[PDB]
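S.K.: Numbering of the sequence shown is given in the deposited numbering, commencing with residue 340 and proceeding in unit increments. The C-beta atom is built at its ideal place from N, Cα and C for all residues, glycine as well. Encoded as C-alpha cells, here's the structure I'll be asking about.
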Amino acid sequence: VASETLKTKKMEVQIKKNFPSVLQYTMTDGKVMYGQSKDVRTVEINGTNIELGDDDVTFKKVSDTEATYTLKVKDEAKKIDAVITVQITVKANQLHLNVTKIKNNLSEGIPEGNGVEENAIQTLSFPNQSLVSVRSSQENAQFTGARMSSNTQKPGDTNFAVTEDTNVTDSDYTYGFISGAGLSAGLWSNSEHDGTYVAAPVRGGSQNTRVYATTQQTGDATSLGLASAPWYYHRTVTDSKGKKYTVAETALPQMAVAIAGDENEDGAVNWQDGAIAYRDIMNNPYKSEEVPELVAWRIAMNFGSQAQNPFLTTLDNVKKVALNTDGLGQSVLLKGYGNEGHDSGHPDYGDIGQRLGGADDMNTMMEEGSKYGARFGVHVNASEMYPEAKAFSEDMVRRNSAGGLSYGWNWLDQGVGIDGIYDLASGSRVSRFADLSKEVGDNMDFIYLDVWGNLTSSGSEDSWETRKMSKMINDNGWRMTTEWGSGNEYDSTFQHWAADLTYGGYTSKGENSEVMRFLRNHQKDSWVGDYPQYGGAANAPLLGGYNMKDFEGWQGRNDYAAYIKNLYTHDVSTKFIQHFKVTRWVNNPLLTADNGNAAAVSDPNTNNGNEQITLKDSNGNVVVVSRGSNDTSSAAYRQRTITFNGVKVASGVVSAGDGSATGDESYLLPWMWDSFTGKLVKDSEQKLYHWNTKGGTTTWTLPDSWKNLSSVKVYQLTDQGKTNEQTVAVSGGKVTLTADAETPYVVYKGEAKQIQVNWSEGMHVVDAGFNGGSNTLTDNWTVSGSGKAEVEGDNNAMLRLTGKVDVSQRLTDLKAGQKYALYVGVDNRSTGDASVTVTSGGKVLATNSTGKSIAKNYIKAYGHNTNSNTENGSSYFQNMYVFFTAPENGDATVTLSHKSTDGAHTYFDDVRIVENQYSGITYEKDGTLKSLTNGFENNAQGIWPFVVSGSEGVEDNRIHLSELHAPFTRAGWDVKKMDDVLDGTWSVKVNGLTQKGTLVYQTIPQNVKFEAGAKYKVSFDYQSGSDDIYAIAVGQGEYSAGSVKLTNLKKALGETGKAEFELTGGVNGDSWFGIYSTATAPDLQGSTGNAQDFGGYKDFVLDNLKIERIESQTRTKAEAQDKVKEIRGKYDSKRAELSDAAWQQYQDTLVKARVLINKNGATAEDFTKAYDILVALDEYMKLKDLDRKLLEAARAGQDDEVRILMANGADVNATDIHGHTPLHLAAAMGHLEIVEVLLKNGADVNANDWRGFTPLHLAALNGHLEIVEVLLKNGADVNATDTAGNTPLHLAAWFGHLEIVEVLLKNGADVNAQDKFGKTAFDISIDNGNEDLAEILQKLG
Ligand SMILES: [Mn+2]
Ligand SMILES: [Mn+2]
Ligand SMILES: [Mn+2]
Ligand SMILES: [Mn+2]
C-alpha cells in the first residue's frame, strides 16, 4: 500500500495515498496505535455507500504536517456526482480530518430563500473509516463510550474489554475512547447526528452521537475502530405547511483524534488518559471558560404587566448578593425581561419590557452589575408565540395535518406553536435575535432558551436544528443556556432542570455520565448535584453540582436568607471544584459489571478502594475529592474530604440538597481568583471562605503561601458586607476558627477594605429598596417627627413607620419640565393615613394617602405578596401613586409619612420614580377626586387604578394589560370571538376566570378614593364572553362575600359594550368597585378543546374607565340637623337589635356628622358634607334586607306586600343581579296594582337594565296593554334604543300583539327605526309567519 508520513515532535503518522486513511501512529517512545489497516475506501453520500477506486483519489503532501485528497464520489443511478476535498493535518499528538470543499456536479447551489436544491448532498460519512483502532491481540485492549442519561439511577457510560468476541457495527456514542498497547485515543466530530441514548425526556440535541464504533478482522485479531457519525451538508427540510427548504451547512465536516500515553501517570493506560488528551481537540461551548466564576445563579422574574422587578431593582439586588458573598460572580436570568413579562410577547426578542425601564435601564443594570462580576441573560422562546407579538404571522403559525392551529398553552393569552423549520429556513428567528443584539450590544452574557426539545415547534428539534439555534445565539456574543437537563449536549453551559434539582424527578435531571463529567465538569452546570431523594448520581456526588434557589419571584421564591444559605452549602464548593480539570476518577460506585461497566477503573490502593477524583489546574495545583465509603448503607457514603495541594480544605456531610436533613460539612476554601476572567488575585486580595454547618470550633492548616503569617483577619458576611472583624493567631501554619452554624466568614492575610456600594444608582433616590441597613435612615433618608422610622425585615427590608413620622429624601437626575410617576408599595395596618408627597422648595407638587389597607397582595412574583408575612401573617402591600412634572427649579424631594400617633405600623418599600405620561386624574379645589380617566395607555405598572384580587389566591395572576396586534388580537382571526383591546393599544384583560364566586380585581382608596357620602358616575367600555359570567362588584373595606353588591353583565363578544352606574361613598371612605367572577357557567357556544379558551367565552376585557364626581346640592345647618333627627329616630331604639360591630360604625358616623354641623364657624360645605354622609349612613343602616325583599314583592304578585316595604323606607330604584328596578319586575309580570303605586313615588321610569331596556320593552313583550298606556303617560321614552338595538315598538310586534303599535305611534314612536340586527317595524311582521300583525303596519308605514 503506497503511503507517505506526516511528522510532529510528538509522533509520526503513516497515511495512505489512495484514501484519507491512517495506517499507524508511532509516538516518540515507539508505541504504535493503528488506524485502518484493511483496504476500506467507502464514502457514504445521501445514505448510499460508494467504494472508491484508485483512479477516484488524488493525493498531495502539502508539507510534513498536511495532506490534501480529492475524492471522485459518483453513482449515476442514485443521482450522486460530487468532488470531496479532504485535508489531514497533524499538530503535536493530534490528527485532524476535515472536508474542506464539497463540489456538486448536479447542482448550481441552493436557490434564493433556501429553496429546494435538487440532488443536494444532504449527508456525508466514511463508513468504517477506523481513524483509530485497538485489537483483541493488544495488552489491555478496552473501549469506553458515553451516551445521554438524565436518569440518576442509570449511568450513560460503558466500559468493556476488546476481546475476540467483541462484535459491533456503527455503534454510536456521544464519546468513544479506545485503549490498548500503552496508548489511548478518543474520536471527536462536529457531526449533528442523532442516535442511541440511555434516558432523555426530550429531543433538542440530547441525542447527539458523533462516534461510530465498528469491529473487523485484522488477520489473527478482532479490531475495533472509531469513525465519525454522518455529517449534514445541504439538508432538505419541510415546514408544517408542507413547504420544502434546503439549508446550508452549520459548519463543514470536521473530525480529530489525540493520541495519549499514561497522561495522569497512574501506571495504567485507559480512557481517562485519552480523555485528558481529548480536551485539546474537542469543541468547547462558547463562553464556557467563565462558568467556574458564576457562583450566584438566580432568576429575576416579571409577570403580567406588574413590573415586579424593574432592571434597576435587579442591580440593587446584585449589590446585596455581592456584599453577602464578598464579590463572588453571579449569573442573573431575566425571566420576563421583555414585553409585559414572562410568557408575554413571545417571540419578539428585541421588545425589552418598557415597564421595567426598557433597554436603557437593562444596559445600566448589565454595565454596572458587571463591575460586581454579575452576568445577565434573558429568557426567550422559539417554540410558542402569542397574538400580541409583532412576529405573529400566518407563516410563523405551526399548523397540524387538518390545517388547524397547533395550539399551545392558555394563561394570560392562548399560545400558538411556532413552525420551527419555517422560523429557521426563512431567516425569521435570526432577525429577531438581531433585533435584541441592536438593543444590548455587547453587554448581555447569555440567552436562556426555554422548552427547546419538547416538540412544540416541530416533531424534530434535532441536533442539526439545535446547533443552528446555538450558532445564531453564539454569533451575537451570547453564551448558550437551556431548559432540559439532557438538552443541547454540544453547546449548552447550563440546564435549568440540571441546576434546579427540585424539578422532574430522578428520570429528568442533568447528565449522568462519568465520561462527560470528567471531560467537561468545569465547562457547564449540566450535571447531577446532591438530591439524595433521587438516589444514584444524586446521593452526594463528589464533584458537588449546582443547586439553584431564587429570591426574586420565580415560582413565588422570595426567601433571601435561604438563597444565601444554599450558596454556601453547595455552590461555593461546586464552583471551587470547577477551577480544576479532572485527571483521574477511580472506584465509581455507580459503575458495575451489570450496567455495562465491567472494565471501569477499580483501584484498591487509592482511598481504601472507595471513590476518589483527582483534578488539576494549568498551574499544577491538585484537588483530591474522596468518598468516605462506597457502601450507601454506611454513614461514610456521604462523607467527602477535599484536599488542595495535599491539605484538608473541606470535610463532612453536606446538608441534603433536597432539604431533608442538615449535615456537618465544614470547609476553609482558598478562593484565589477574581470574579471576572478568573485570573489569580494578589496576596492582599487572596482569601479563604469558611463555613461550619453545625457551628462550633474547627482547626485548619492554612495554604502554603500563608504558613509564615502570625495572624489572619476574619469577617462575618452579611447583607451589609464584611462585619465583626476578628484577629486570629496563626501557630505552625494553622488557624482555629469559631463559627456560628450555617454562617459565612471570609479570611484575609491582613485588614480588608469594605466593597463600595452606592445604592439605587439611576433610581433618582439613594436606597429605594431599603438595603443600606439602619444606617440609610441617617446617611440617605432624613427622619423627622415624634414617631418611629425603622428598617424592619430579615428578608426583603422595608421601611416601618409608627406614630407621627416623616421619612424624606431629595430627588436627583430628573429631566426639567418632564412628566414623572412616583409610586411606592404600601402596607398600612393603621387607621391613620399613610402618605406619599413630592415637594419643591416647600411647595406640594403631588400628594396621595391610604387609610387601613383593604386588599391582600396576590402577586406571586412580587416581593411582598400575602404569603410573605410583612405583619401578622399577611401582606396588604399595593402600589400608591403620585403624578408630577419635574420642576424647572431642579429642586424636588419625596416624603413617606404617617399621620396618626397610634401604635400600629405602616410598611413602605421600593420608591420608584419613572418618566410617565398619565394625566387622567383631575382633582377638586379641596384636593379630593373630581374625575379619573384611564385608557390604560400610560400605566407605569399593573392594572392601575385596579389591583388584583384573590380568585386564584397567590398566583401568576391571569389578569394583565392586553396589547394590540391587528388582526391577530381582534375578534374574527381564527376561533377568536373577542377583541383583546377595545380602545388604543392597551386594555385590562381577564382570561378564563369563570365560576369563581369571588372578586377578580378591584379599585382601592389609595388609587380611587370615594369620599364618604359623595356620588360618582362610574363608566367603562367592556367585552364579556357570556351572560352572567362576570359582574360589577360594589363594596366597602376588605371584600367579604354577602357584603358586596353585584350587577351581572350582558355578553359583549366582539362588540364593545358599555357599563355605567352610580356609586355613593361609604360612611368610612373605604368604598370601591371591581370585577367579580359569578357562579354561572360560560356559554361555550359548542366549542371543543382549545376553542373554549381562545374563543373568549370565559374572558373579560375592560377599557376607557371614567369615574366622575356628581356635585351634590348645597344644604343648610337645618337640612342636616333635621337629617340627624330622622336617622336617629329610625335606628336609636333598635340598640344592638341588629348588630354591635355595626352599632360602633353607626355611632362613629353620627359623631362625625354632628362635629361637621356644630363646629363653631362651620359653612355650607360642612353642612352639605354632613348631610351627604347621613344619607349614606341611612343606606348602610338598611341592613334589614328591605331593598332585596321589595324586588321580591313586585315579582310574585304581592299587591299588598309592596305597600308595606315602600312606606317602611326600602330603596325606590333598588336593583337585582340583572339591574331590574321595582318598575321592570312588575311591568313584565302584568301587575298594574303594583306599577300604578310605584310610579307615584318618583321611581326611575327611564332606567336601563341588563339588556339596556326600560320597563317599556318589558310591558310590550309579555303582552300587557294596561301597563304600556299608563307608562307613556308618566313620561316614558317612546324613542328609546336599548343596548340590543330594539326600541319599545320593535319588541311589541315580535311576540304577537298589535294593539301596542297604535298606542306607541300616537306618543311619537319612530316607525323608521332599525335595530342592531337590521330589522325595521314592517320588516319584522314579514318573517312572523302571520299577516294578522302586518296589515295595520302597511296602512300607516
Ligand atoms: Mn493513566
Ligand atoms: Mn426592599
Ligand atoms: Mn385603551
Ligand atoms: Mn397579553
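Taking three-plus beta-carbon pairs below 8 Å as touching, is the stretch 1462-1478 in contact with the stretch 1489-1496?
M.R.: yes
S.K.: In the structure shown, what three-state DSSP assignment does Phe915 receive?
M.R.: Helix at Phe915.
S.K.: Quick one: Cα of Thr846 to Cα of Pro928, how far?
M.R.: So the alpha carbons of these two residues sit roughly 19 Å apart.
S.K.: Whose CA, out of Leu1321, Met640, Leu1235, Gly1242, lies closest to the CA of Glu1276?
M.R.: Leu1321
S.K.: To test your reading of the DSSP string, which unbroken alpha helix (DSSP H) runs of 4 or more residues are found completely within the stretch 1647-1676?
M.R.: 1660-1665
S.K.: Taking Cβ to Cβ, would you say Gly613 is nearer than 7 Å to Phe516?
M.R.: Yes. Within cutoff.
S.K.: Does the distance from the C-beta atom of residue 321 to that of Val790 stay below 7 Å?
M.R.: Residue 321 cannot be examined here, being either before or after the span of the chain that is shown, 340 to 1680.
S.K.: Counting only runs of 4+ residues fully inside the stretch 735-789, write out the alpha helix (DSSP H) ranges in chain order.
M.R.: 759-764, 767-779
S.K.: Tell me which residue opens and which closes the alpha helix (DSSP H) that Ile1573 is part of.
M.R.: If you look at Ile1573, you'll find it in the alpha helix (DSSP H) that goes 1571-1579.
S.K.: Tell me the DSSP bridge mates of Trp1030?
M.R.: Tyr1006
S.K.: If you pair each beta-carbon of the stretch 1120-1133 with each one of the stretch 1151-1158, do three or more pairs fall below 8 Å?
M.R.: They do not touch, by the three-pair rule.
S.K.: Please report the straight-line C-alpha distance between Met594 and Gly708, rounded to a whole angstrom.
M.R.: 40 Å
S.K.: What is the DSSP secondary structure of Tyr1262, reduced to helix, strand or coil?
M.R.: strand
S.K.: Is the beta carbon of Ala1420 sitting closer than 7 Å to the one on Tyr1361?
M.R.: Not a contact, by the Cβ cut-off of 7 Å.
S.K.: Would you kindly report the start and end of the unbroken alpha helix (DSSP H) that includes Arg1467?
M.R.: 1456-1470
S.K.: With H, G and I counted as helix, E and B as strand and the rest as coil, what does DSSP make of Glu733?
M.R.: DSSP places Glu733 in coil when its eight states are reduced to three.
S.K.: What residue from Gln546, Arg1542, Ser1207, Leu1611 has the CA that sits closest to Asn1580's CA?
M.R.: Nearest option by C-alpha distance: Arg1542.
S.K.: For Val1490, which of helix, strand or coil comes out of DSSP?
M.R.: helix
S.K.: Please say whether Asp1166 and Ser1214 have beta carbons closer to each other than 7 Å?
M.R.: In this structure, the beta-carbon distance from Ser1214 to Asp1166 falls below 7 Å.
S.K.: Can you say whether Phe1634 is buried or exposed, counting buried as having 16 or more other CB atoms within 10 angstroms of its CB?
M.R.: exposed
S.K.: Is the Cβ-Cβ distance between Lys1046 and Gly1072 less than 7 Å?
M.R.: yes
S.K.: Do residue 280 and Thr1386 have their CB atoms nearer than 7 Å?
M.R.: As shown, the chain starts at 340 and ends at 1680. That puts residue 280 outside it, with no answer to give.
S.K.: Taking the straight line between their C-alpha atoms, what separation do you get for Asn648 and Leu1441?
M.R.: 25 Å
S.K.: For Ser1326, verify whether its CB is less than 6 Å away from any heavy atom of ligand 4.
M.R.: no
S.K.: Sort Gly1164, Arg818, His435, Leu445 by Cα distance to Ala421 and report the nearest one.
M.R.: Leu445
S.K.: The alpha helix (DSSP H) spanning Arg859 covers which residue range?
M.R.: 853-859
S.K.: Assuming contact is defined by CB atoms lying nearer than 7 Å, are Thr1001 and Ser990 in contact in what I supplied?
M.R.: no
S.K.: Are the beta-carbon atoms belonging to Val1074 and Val1085 less than 7 Å from one another?
M.R.: For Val1074 and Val1085, no; Cβs fall outside 7 Å.
S.K.: Consult DSSP for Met1137 and reduce its assignment to one of helix, strand or coil.
M.R.: strand
S.K.: Count the C-beta pairs between the stretch 811-820 and the stretch 745-753 that are closer than 8 Å, then say yes if the count reaches three, no if not.
M.R.: no
S.K.: Going along the chain, which residues of its own chain have a beta-carbon closer than 8 Å to the beta-carbon of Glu1210, five neighbours each way excluded?
M.R.: Counting only Cβ-Cβ distances below 8 Å, and skipping sequence neighbours, we find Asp1166, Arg1168, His1244, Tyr1246.
S.K.: According to DSSP, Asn1273 sits in a beta bridge with which residue or residues?
M.R.: The secondary-structure analysis by DSSP pairs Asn1273 across a beta bridge with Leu1444.
S.K.: How about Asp601: is its Cβ closer than 6 Å to a heavy atom in ligand 1?
M.R.: yes
S.K.: Over what stretch of residues does the alpha helix (DSSP H) that includes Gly708 continue unbroken?
M.R.: 697-709
S.K.: Throw me the rounded Cβ distance for the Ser831 and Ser865 pair, which I believe falls under 8 Å.
M.R.: 6 Å
S.K.: Alpha carbons only, please: which of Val340, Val1293, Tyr617, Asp1318 is nearest the one belonging to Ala1305?
M.R.: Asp1318
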